[PDB]
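Colleague: Protein chains in written order, with PDB author numbering: chain C, 10 to 119; chain E, 39 to 135; chain D, 29 to 122; chain B, 15 to 102; chain K, 620 to 669.
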Amino acid sequence: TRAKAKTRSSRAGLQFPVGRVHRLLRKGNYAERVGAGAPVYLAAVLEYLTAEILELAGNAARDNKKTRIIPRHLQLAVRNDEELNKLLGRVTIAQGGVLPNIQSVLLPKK
Amino acid sequence: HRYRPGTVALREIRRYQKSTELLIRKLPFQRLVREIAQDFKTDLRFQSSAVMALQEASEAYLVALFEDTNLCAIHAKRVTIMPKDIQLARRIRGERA
Amino acid sequence: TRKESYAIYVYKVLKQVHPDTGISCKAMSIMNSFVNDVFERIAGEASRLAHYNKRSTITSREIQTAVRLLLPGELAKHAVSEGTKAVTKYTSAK
Amino acid sequence: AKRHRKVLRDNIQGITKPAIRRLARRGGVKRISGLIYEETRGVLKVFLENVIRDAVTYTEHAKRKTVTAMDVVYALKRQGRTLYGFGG
Amino acid sequence: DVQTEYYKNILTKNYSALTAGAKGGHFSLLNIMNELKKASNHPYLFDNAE
DNA sequence: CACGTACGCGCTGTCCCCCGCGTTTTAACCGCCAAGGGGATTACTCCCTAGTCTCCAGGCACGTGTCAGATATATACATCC
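1. Please state if the CB of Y51 (chain B) and the CB of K31 (chain B) are separated by a distance shorter than 8 Å.
2. For the alpha helix (DSSP H) that residue 125 (chain D) lies in, which residues bound it at each end?
3. By the criterion of Cβ-Cβ separation under 7 Å, what are the contact partners of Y88 (chain B) in chain D?
4. Say whether the segment 68–75 of chain D touches the segment 14–29 of chain C, bearing in mind that this needs 3 or more beta-carbon pairs closer than 8 Å, one atom from each stretch.
5. Given that a residue counts as buried once 16 or more other Cβ atoms are within 10 Å of its Cβ, and exposed if not, what is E50 (chain E)?
6. Let me confirm a value: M120 (chain E) is counted as buried when at least 16 other C-beta atoms fall within 10 Å, else exposed. Which label applies?
7. Just mark residue 673 (chain K) as buried or exposed, buried being the case when its beta carbon has 16 or more other beta carbons within 10 Å.
8. So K20 (chain B) contacts chain K; which residues on that side make the cut at Cβ distance below 7 Å?
9. Spell out the partners DSSP gives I51 (chain D) in its beta bridges.
10. 8 Å is my cut-off, CB to CB: does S86 (chain E) come that close to chain C?
11. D68 (chain B): which of B:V81, B:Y98, B:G56 and B:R36 sits nearest, CA to CA?
12. Give the range of the alpha helix (DSSP H) segment to which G111 (chain D) is assigned.
13. For the alpha helix (DSSP H) that contains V101 (chain E), what are its first and last residues?
14. Mind checking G46 (chain C): buried by the 16 CB within 10 Å criterion, or exposed?
15. Spatial neighbours of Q55 (chain E) within its chain, please: CB distance less than 6 Å, with the 5 preceding and 5 following residues excluded, ordered by chain position.
16. Whose C-beta lies closer than 7 Å to the C-beta of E654 (chain K) among residues of the same chain, with five residues either side of it excluded?
17. Hey, is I130 (chain E)'s beta-carbon within less than 8 Å of any beta-carbon in chain C?
18. So with CB distances below 9 Å, who are the chain C contacts of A35 (chain D)?
19. Could you check whether the Cβ of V107 (chain C) sits closer than 8 Å to any Cβ belonging to chain E?
20. Since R20 (chain C) and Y118 (chain D) are thought to touch, with beta carbons under 8 Å apart, how far apart are those beta carbons, to the nearest angstrom?
21. Check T96 (chain B) in the structure and name its three-state DSSP category.
22. Helix, strand or coil, according to DSSP, for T85 (chain D) in the structure here?
23. Let me know if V60 (chain B) comes out buried or exposed under the rule of 16 or more other beta-carbons within 10 Å of its beta-carbon.
24. 8 Å is my cut-off, CB to CB: does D68 (chain B) come that close to chain D?
25. Look up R42 (chain C) in the DSSP assignment and say whether it is helix, strand or coil.
26. Determine the contact status of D666 (chain K) and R19 (chain B), defining contact as a CB-CB distance below 8 Å.
27. Along the segment 28–42 of chain B, where does the CB come closer than 8 Å to a CB of chain D? Name the residues.
28. Do you know offhand how far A35 (chain D)'s Cα is from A38 (chain B)'s?
29. Could you check whether the Cβ of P80 (chain C) sits closer than 8 Å to any Cβ belonging to chain D?
30. Check whether the segment 46–63 of chain D and the segment 72–87 of chain C are in contact - that is, three or more C-beta pairs closer than 8 Å.
31. Can you check whether the CB of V63 (chain D) is closer than 8 Å to the CB of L55 (chain C)?
32. At which residues does the alpha helix (DSSP H) containing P32 (chain B) begin and terminate?
33. By the DSSP assignment, the alpha helix (DSSP H) with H31 (chain C) in it spans what residues?
34. Name the chain D residues that come within less than 8 Å of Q104 (chain C), Cβ to Cβ?
35. Quick check on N25 (chain B): buried or exposed, where buried means 16 or more other Cβ atoms within 10 Å of its Cβ?
36. Can we say the segment 62–77 of chain C touches the segment 88–100 of chain D, given the rule of at least three CB pairs closer than 8 Å?
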C-alpha cells in the first residue's frame, strides 16, 4: 500500500526540493541530526528569496524592453532594493556593472 | 567647434556606467596574471574562466575604489582625484591599516 | 556526468512570478550561486546556534533564528512567515 | 505639578559632551566642532541597536529573558567585531 | 475598579491589555510584587493611567 | 603632440565659534536593605523522533521529433508617367 510516493515539496506546497535540502544538510557536516521541519523551512526561505529577486529582475527587464533576464537586470534589482543591497553588499555579480549615479558637484552650471 | 572641458567626461561617465563590458583588454590582463603567478611557483596552467573571474574581480574592486576616491576628492573640495585620495580611501577601509 | 544544480526549480519560480519572461545561462549561474551561498550561510549559522546551546540536532527553530539573524529587517519577518506557514501545511500532511 | 513619567527617554543625552570629547581625545582629535555630538549619539544609537537586536535574537533562541555576556560576544562576532576578554 | 483590573492584568500577565491606549506602551513586569504593591497603592503610579 | 583654459593652490581678510578657565550644581559611585524570580548545575525518568536499513518507483537529465508563431520570399491586383 505504498501510495504513489508523495513528495515532500508537494506536501509542503513548495517548488524547491525539500529532500535535496535534507540530503545537503545531512552531508554538509553541520550537525549529526537534522529535524524534519528544518529542510521544509529552509526550502521555503530559499524559494521566497529567489522569488523576490526574480520578480524584481523581471520588472527590471520589463522597464528595459527585454523579455530575457540578463545579469545587468539582476544587478539593478539587487542594488536598487536597499534590503537586498545590504544582504548582498559584499557580493560581486559578474557582468553586472554599476548603478548609474553621478555626484551633484560634477554636474554643470545652469 | 570645440567642446567645453568636462562635458565629454560626463558623456563617458554616463556611457560607461550603462554598459557592462570589461574595460581592460584580455591579453595584457592574461600576461599580468601569468607574470604575477609565476613567482609563487613555475609551471602554472590557467583556465580561461579563472582569468575571466580574476578580471571581473579586478573590475569590481577598482571601480569601487574609484567611487571611494571620487568621494574623497569631492570631500576635499576638488573635482580631480589624486593618489592621496586613493591612500585615504584604502586606509578607512583597512587595506593600509 | 549528472552535474547537480538548482536549474529547474529557479526556472519554475520564475514562471510563477513572471510567466512570459525568460532567463540566460549566466543569470542562471548567478542565481544558483546565490541559492548555494544563502543555504551555506543559513546552515552555518544554524550549526553555530546548535553548537552554542549544546544541542546536537538542527530543527526549525535554529533555521528560524538563523533567518532572523542573517536576513536584515523586514525581509526576515516575511521570510519567517513564509517558512512558518509551510511547516504548518507539512505537519497537516506529514 | 509634580507629575513626571517613570521611564526616561533622554538617555542618549546621557552620553555627555565631555564623554564624546574624551572619546575623540583617545582617537587623537585636536579640535571638535559643535555639531559632532548629535551625530556621534546617532551613530552610537545605530551601532547599539544593531548589536542589541542580535543579542536579543541569540537570547530568545535559548528561551531566556536574561541577556548574558556570551550572547553579546556572539552578536559582536557575527558582524565581524569579535571581542576578547569575555569568552570564558 | 481600576485597582482591581490592574491587579488582574498584572497577576495574569496581560502585556497587550496593559499597553492598551498607551502610545509608547513601555510596561515592565519585572518585579511582579512591586507592581502589585503599586497597584494596591494607586493606579496613577503606572504610566499613561490618569 | 600641440594648444588652451579650468582648476588646484597660495595669499589675505574676517568673523565666528570653539577653547580655556573659573564657578556652581549634580548625579555617578560606593555602600545599604527587602523580597522574589531567573538561571546554571546535578541527578533522574520517559518517550518521541531521527538515524539506519531494505526496497522500489518516479523526478531529473539527456536526447530527439514535432509544432505553432515569427520571418522571408512568389505571384497577382491596383496605380503613376
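Just so it is clear, CB atoms sit at the ideal spot from N, CA and C, and this is done for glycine as well.
Modeller: The short version:
1. yes
2. The structure shown does not extend to residue 125 (chain D), since chain D spans only 29 to 122, so no value can be given for it.
3. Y80
4. no
5. exposed
6. exposed
7. Nothing can be reported for residue 673 (chain K): it is not among the residues displayed for chain K, which extend from 620 to 669.
8. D666
9. C:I78
10. no
11. B:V81
12. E102 to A121
13. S86 to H113
14. buried
15. none
16. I629 and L648
17. no
18. Chain C residues near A35 (chain D): none, gap ~12 Å exceeds 9 Å.
19. yes
20. 5 Å
21. coil
22. strand
23. exposed
24. yes
25. strand
26. yes
27. none
28. 53 Å
29. yes
30. yes
31. yes
32. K31 to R40
33. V27 to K36
34. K54
35. exposed
36. no
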